[PDB]
Every structure is written in C-alpha cells, then in structure tokens.
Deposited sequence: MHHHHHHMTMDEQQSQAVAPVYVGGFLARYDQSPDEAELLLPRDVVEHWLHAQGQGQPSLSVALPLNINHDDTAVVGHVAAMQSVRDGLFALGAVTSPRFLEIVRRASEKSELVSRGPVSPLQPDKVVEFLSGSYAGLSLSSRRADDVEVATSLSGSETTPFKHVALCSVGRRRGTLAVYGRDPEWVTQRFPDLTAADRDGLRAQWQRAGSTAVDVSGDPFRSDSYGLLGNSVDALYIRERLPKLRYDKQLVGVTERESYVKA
C-alpha cells in the first residue's frame, strides 16, 4: 500500500494566446504587454482563493503563440484531499486512454481544474479559463507536460527547463471549500465546448493526455 500518488504533480498550459481575440475587451493581453512584465516565485491556487494555495509557478516563457506556464502542485494537504475524492469518482475509475497509465490523482485534477487563469499576482487552476487556449495539462514529469504542446519548440522547451531546474503547507482551505467552488463550475455556460475548443487550439488530444474533455 505504497502511496506514490500524493507525490508532486506538474501542470502546463498557455496563460494567454496571441492569436485569439478575447471574448471581452478586458482580457486583451498583448505580446509587448507581457514581455515588458517578464522584467520571489509566484503562487498557484484554486479558483483565485488565496487560502487555497496548492503550489507555485515554476517557469513562464513567452513564445510565438502565447505565454506558456508550468507549475508544480506540491501541497501535501491538497494532494491528499484530491487522492480521496478521486477514489470516489466514476470519471476517474474509467481511466485514461489505454496507452496512458492510470493516475487517479492526475486524472482528477485533469477533470476538475481543466483550465488556467492568470490574474502578475498569481496563477489559478479553474474549471475553465475565461480566455481561450488556457488548457491545463497535468502530469508527473515537468518534461512530460511541456511535450504535449506541439507549438512549443525545442528551444522553447529549453528556456522552461532552465527555470524549473533553476515554509509549511500553503493550503489552508479544505474539502468543504473545494466542494463549494465545484457547484459554481457547473453553471459556467458552454464549459465543455469551450474546453474541447482549447484542446483543438493548442494542439493537445486525449490520446496523448489525461485531458478529460
């Protein structure tokens, strides 16, 4: 009964795509805007709840199509909550596409928090992203996540790899609070279609990913 499930999980995805006009004008975030900002690491939480910090952003890099980010989900307290819920979900028990090994925790995160949202203050794991192309790809190896993204070049991958190889438990929230933001996710209009769309956009598929959408 070795628990090699509550070990770190990495997540990567585009925080913003330079080929996609927002739905609202307020989401517009251009290349020049973003690169000025790339100039003390910044945290990773759930649905913008500062009480629900689960890890940190390990590397961001602006590339041709947008702003890529790759975080680490390190919080023991959070990963353990995730582990207990995934034992209880039918979507997880159906497992990934045959070739991929079953990873109950990586799948659960893949299902629940399928999007990325940049507010830099911090990065959040949403149910979906508000901005298109914000697909969140979870995995046990930092190099595994990055390689799902075709638009990323070898040289791109090397800029990231330099960063992710460059104080207690930061998760003060709990099962009841994640339960709380789960029903909120149910009422996001066209959640799946939006997600199926980001999948086609950044080039990821489920026969190469734990993406559940």
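K.L.:
Could you list the ranges of the deposited sequence that have no C-alpha atoms in the model?
P.N.:
Residues lacking C-alpha coordinates: 1 to 12, 52 to 61, 142 to 161, 209 to 216.
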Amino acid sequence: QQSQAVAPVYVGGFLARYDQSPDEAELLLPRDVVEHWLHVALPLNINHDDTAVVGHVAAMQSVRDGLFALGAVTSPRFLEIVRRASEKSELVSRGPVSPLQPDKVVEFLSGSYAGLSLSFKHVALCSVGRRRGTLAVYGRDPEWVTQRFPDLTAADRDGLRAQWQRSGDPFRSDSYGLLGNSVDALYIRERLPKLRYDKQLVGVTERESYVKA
From here on, numbers count along this sequence of modelled residues.
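K.L.:
If you average the CA temperature factors over each stretch, which comes out higher, 29 to 37 or 182 to 190?
P.N.:
Higher mean C-alpha B-factor in the PDB entry: 29 to 37.
K.L.:
Per the entry, where is the mean C-alpha temperature factor higher: 173 to 181 or 55 to 63?
P.N.:
So the stretch with the higher mean C-alpha B-factor is 55 to 63.
K.L.:
Split the chain's modelled residues into thirds by Cα B-factor; is residue 46 in the lowest, middle or highest one?
P.N.:
It belongs to the lowest third of the chain when residues are ordered by C-alpha B-factor.
K.L.:
Which third, lowest, middle or highest, does the CA B-factor of residue 121 fall in along this chain?
P.N.:
It belongs to the highest third of the chain when residues are ordered by C-alpha B-factor.
K.L.:
Name the third of the chain's ranked CA B-factors that contains residue 18, choosing lowest, middle or highest.
P.N.:
Within its chain, residue 18 is a highest-third residue by C-alpha B-factor, going by the deposited values.
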